Amino acid sequence: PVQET
Amino acid sequence: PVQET
Amino acid sequence: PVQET
Amino acid sequence: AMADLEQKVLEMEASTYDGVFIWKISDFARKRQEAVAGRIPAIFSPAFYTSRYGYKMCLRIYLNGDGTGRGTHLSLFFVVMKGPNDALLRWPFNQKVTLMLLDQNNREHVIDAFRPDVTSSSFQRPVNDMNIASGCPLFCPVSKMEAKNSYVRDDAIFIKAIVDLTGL
Amino acid sequence: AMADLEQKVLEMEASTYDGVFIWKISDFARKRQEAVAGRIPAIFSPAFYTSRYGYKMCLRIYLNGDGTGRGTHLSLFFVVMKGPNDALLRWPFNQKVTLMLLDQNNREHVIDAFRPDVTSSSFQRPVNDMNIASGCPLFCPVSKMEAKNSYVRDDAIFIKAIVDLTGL
Amino acid sequence: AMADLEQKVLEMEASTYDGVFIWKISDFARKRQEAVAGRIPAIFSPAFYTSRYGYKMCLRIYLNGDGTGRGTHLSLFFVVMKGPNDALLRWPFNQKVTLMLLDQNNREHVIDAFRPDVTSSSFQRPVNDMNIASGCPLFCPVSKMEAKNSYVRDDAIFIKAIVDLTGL
């Protein structure tokens, strides 16, 4: 997963 | 089934 | 079980 | 935003998501009377579903009869309602439907069941909030239950529906 | 129709229909104190059921003890409530009941269990909203949990109940 | 105690307790526009859980993209929220997460899935109401769905999440 900005 | 009246 | 008081 | 919210909570409180629904009708004598008097011939039950995101359904009962059962029988019908997920469901509706009037001594219940008439508008994907109800106009003789018997107890009755989930 | 509706939604939010219930008691220090001070000796938990249309039940706890456990133990009892479907259920109530005080490190929980005393009014079909509660007056020593230990964390505890469904 | 209660009932109405959640976003064109215009870049979905007393979770979507997907894709993220039972759960969160954009003809859905990054603050036990969301910034090209296609129908779309329960 990639964290939100 | 029989529809309602 | 034991009833409550 | 006062009574409207309650109605929503009561319907939520009564919702089930496995195709099995038990509808308890209280104040029976009175509702029975209002039907006989023609002021309130039919009553809808709260909604229930076949699965968490399945078909939305409810029942409709005429305590003093509909059509061929008017004045002699209690008529019970099935209702397909416009559900939040109808676009993802298969149509027309084609699940077996079982309806029951529960004996409160649990000796002999009243029961009937049918496979949907796929040509009927009653089982097509809803355009309105509810399709035309369909089921059993001669469900139960007013004489059998109602009068003596153990279908009515402490002024209330229990109606049960079971939607077969084969294929779902 | 203001606070009344909230209370109903909170109880609904806490309802379970498989006989398993986990009750989180917050503001523990304060409630514990109000019990010790006698202003509020016992507290009822929200309701839960054995099945969608099964038995309606709740728990009652005395944070500073009841009867033989007064002032030395936390007393935990089971409560059979008047359910909407009691006419269709078998009586007296005869399902095994397990009660637990959960260790928050999950190492060693506090537990007890019993089979109903079928002669007791506590397990007969309810006439009032709730029958006389029954269970464990000496459930847990106030010393064990409460004081040091890992039963109380961030000012809260978890009580768990498991109603055996054998025969249902 | 007026609108606050409704919001609570709507979220309750949308809750699920088996790790499967289907989120229906209506008024799509408008929300899509408010994102493109930067007035409302992201939206949270209601909460759902892995079990009755399991992990509390929700989703967050950016209709016009986040990070690497800004302006070109619809970005979808997973959110671990502070649950009522976090003290009893194992941390960090380590369940597989699957996300989907449902094709309404049910021919070809959009899908992606990942195993949590256990070092990320996104999967640690929450201290705030919600952890930093994490998932897929390049989830779906705005062109694919949105424009032609069958992901958007009658001005609405369906987002689906499946939290694997292995070990729970």
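Conventions we followed
- Residues numbered from 1 in each chain as written, not as in the entry; some residues may be left out.
- Chains lettered and ligands numbered in written order.
- Heavy atoms only, no water.
- Residues with missing side-chain atoms left out of burial classes, pairs and counts.
- Contact = heavy atoms within 4.5 Å.
- Buried area = accessible area lost by both parts, 1.4 Å probe.
- Helix = DSSP H or I, 4+ residues; strand = E, 2+ residues; numbered from the N terminus.
- Nonpolar A, V, L, I, M, F, W, Y, C, P; charged D, E, K, R; others polar.
- Pairing = 2+ DSSP bridges.
- Axes fitted to C-alpha atoms, helices over the stretch in contact; angles between N-to-C directions.
- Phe/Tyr/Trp six-rings, centres within 6.5 Å; stacked < 30°, edge-to-face > 60°.
- Buried < 20%, exposed > 50% of the residue type's maximum accessible area, 1.4 Å probe, protein only.
- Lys NZ or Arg CZ within 6 Å of the ring centre and 35° of its normal.
- Core = buried A, V, L, I, M, F, W, Y, C linked by side-chain atoms within 4.5 Å.
- Arc of directions from axis to C-beta.
- Least-squares fit on C-alpha atoms.
- Salt bridge = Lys/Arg side-chain N within 4 Å of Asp/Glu carboxyl O.
- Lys, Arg positive; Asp, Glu negative; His and termini not counted.
- Polar contact = N/O pair within 3.5 Å; in protein donor to acceptor, adjacent residues only side chain to side chain.

Caption draft 1: Region of the structure containing the interface of chain F and chain A. Contacts between chain F and chain A engage 18 residues on the former and five residues on the latter. Overall, the association of chain F and chain A removes approximately 810 Å² of surface from exposure, summing both partners, and the carbon and sulfur fraction of that is 52%. Those elements giving two or more residues to the side of chain F that touches chain A turn out to be β4 (56-62) and β8 (134-141) of chain F. By residue number, the principal contributor to the side of chain F that touches chain A is β8(F), which donates three residues. When the residues that make up the side of chain F that touches chain A are grouped by side-chain class, the tally is eight nonpolar, six polar and four charged. With two bridges joining them, strand β1 (residues 2-3) of chain A and β8(F) adopt antiparallel strand pairing. The residue bridging A:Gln3 from the neighbouring strand is F:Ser134, located in β8(F).

Caption draft 2: Inspection of the sheet that holds strand β9 (residues 156-163) of chain F at higher detail. Residues and elements named next belong to chain F. Read from one edge of the open sheet, four strands run β1-β9-β6-β7, paired in antiparallel fashion. Because the sheet does not close on itself, it has two edges, and the strands there are β1 (20-26) and β7 (110-114). With direction set aside, neighbouring strand axes in the sheet form an average angle of 15°. Examined bridge by bridge, strand β6 (residues 97-101) and β7 share five bridges and lie antiparallel to one another. Bridge pairing in β7 links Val 97 to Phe 114.

Caption draft 3: Representation of the packing of aromatic side chains in the model. Within this structure, the stated rule accounts for 21 aromatic pairs over all chains. Their ring planes at 20° and their centres at 6.2 Å tell us that F:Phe93 and F:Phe123 sit as a pair that is stacked. Linking F:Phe93 in the loop between β5 (73-81) and β6 with F:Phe123 in the loop between β7 and β8, this pair joins segments that are 30 residues apart in sequence. The same class applies to F:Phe93 and to F:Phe123, which are both buried. Each residue in the set D:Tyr55, D:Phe78, D:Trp91, D:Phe93 and D:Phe123 is aromatic and connected to the rest through ring pairs, giving one cluster. Above the ring of F:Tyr53, the side-chain terminus of F:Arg52 is found at 5.2 Å from the ring centroid.

Caption draft 4: Representation of the interface of chain D and chain E within the structure. The interface of chain D with chain E comprises 16 residues on the first partner and ten residues on the second. With five residues, the top contributor of residues to the side of chain D that touches chain E is helix α1 (residues 3-13) of chain D. Per-class residue counts for the side of chain D that touches chain E are nine nonpolar, three polar and four charged.

Caption draft 5: The arrangement of the nonpolar core in detail. All names here are of chain E. With 38 residues, the main nonpolar core has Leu 59 and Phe 78 as its most contacted residues. Contributing elements (two or more residues each) for this core: β1 (20-26), α2 (28-36), β4 (56-62), β5 (73-81), β6 (97-101), β7 (110-114), β8 (134-141) and β9 (156-163). Here this core takes five residues from β9, the largest share from any one element. Ignoring anything within four residues of it in the chain, the contact list for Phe 78 reads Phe 48, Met 57, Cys 58, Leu 59, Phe 93, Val 97, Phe 114, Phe 123, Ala 133, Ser 134 and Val 163.

Caption draft 6: Representation of the environment of E:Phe21. Following the sequence through the fold, E:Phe21 ends up in strand β1. By relative accessible area, which is 2% here, E:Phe21 ends up buried. Taking the C-alpha atoms as reference, E:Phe21 lies 9.6 Å from E:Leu59; in sequence the two are 38 residues apart. For E:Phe21, the residues in contact, after removing those within four places along its chain, are E:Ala14, E:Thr16, E:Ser45, E:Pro46, E:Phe48, E:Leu59, E:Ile159, E:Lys160, E:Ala161 and F:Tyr53.

Caption draft 7: Broad picture of α2(E). Residues and elements named next belong to chain E. Along α2, the residues classified as buried are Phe 28, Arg 32, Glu 34 and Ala 35. Across the axial projection of α2, the buried residues extend over an arc of 165°, all falling on one side. Close packing links the buried residues of α2 with β1 and β9. Once α2 ends, the next one or two residues include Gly 38, with phi positive near 75°.

Caption draft 8: Region of the structure containing the relation of the copies chain D and chain E. Structural alignment of chain D on chain E gives an RMSD of 0.0 Å, achieved by rotating through 120° and translating 0.0 Å along the axis. The transformation just described matches what one would write down for a three-fold rotation axis. For chain D, the smallest separation between a C-alpha atom and the rotation axis is recorded for D:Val9, amounting to 4.2 Å. Comparing interface residues between copies, only 19% of those in chain D also lie at the interface in chain E; the contact surfaces differ.

Caption draft 9: Representation of the pattern of salt bridges within the structure. Taken as a whole and judged by the stated rule, the model has nine salt bridges over all chains. The residue E:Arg60 makes a salt bridge to C:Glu4 at a minimum N-O spacing of 2.8 Å. A residue pair is termed interchain when its members come from two chains, as with E:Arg60 in strand β4 and C:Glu4 in the segment after β1 (2-3). On the basis of relative accessible area, C:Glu4 is assigned to the buried category, the value being 16%. Across the salt bridge formed by D:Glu34 and D:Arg30, the nearest N and O atoms sit 2.6 Å from each other. Of this pair, D:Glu34 and D:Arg30 both sit in helix α2 (residues 28-36), four residues apart, which is roughly one turn of the helix. Given the relative accessible area of 14%, D:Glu34 is considered buried. Among the charged side chains, a network of salt bridges with common partners joins D:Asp27, D:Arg30 and D:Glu34.

Caption draft 10: Focus on the side chain of E:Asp86. All names here are of chain E. With respect to the helices, strands and loops of the structure, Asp 86 is situated in the loop between β5 and β6. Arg 125 provides the closest opposite charge to the buried, salt-bridge-free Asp 86, at an N-O distance of 4.8 Å. One polar contact links the side chain of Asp 86 to the main-chain amide nitrogen of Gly 83, over a distance of 2.7 Å. Those residues in contact with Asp 86 that lie beyond four places of it in its chain are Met 81, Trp 91, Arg 125 and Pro 126.

Caption draft 11: Summary view of the pairing of β4(F). All names here are of chain F. Burial analysis of β4 places five of its seven residues in the buried class, which makes it a mostly covered element. The sheet contact formed by strand β2 (residues 43-44) and β4 spans two bridges and is antiparallel. Residue pairing across strands places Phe 44 opposite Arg 60, the latter belonging to β4. Between strand β3 (residues 48-49) and β4, which pair antiparallel and follow one another directly, the connecting turn spans six residues. Bridging between β4 and β5 involves seven bridges; their strand directions are antiparallel. What sits directly across from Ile 61, in β5, is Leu 76.

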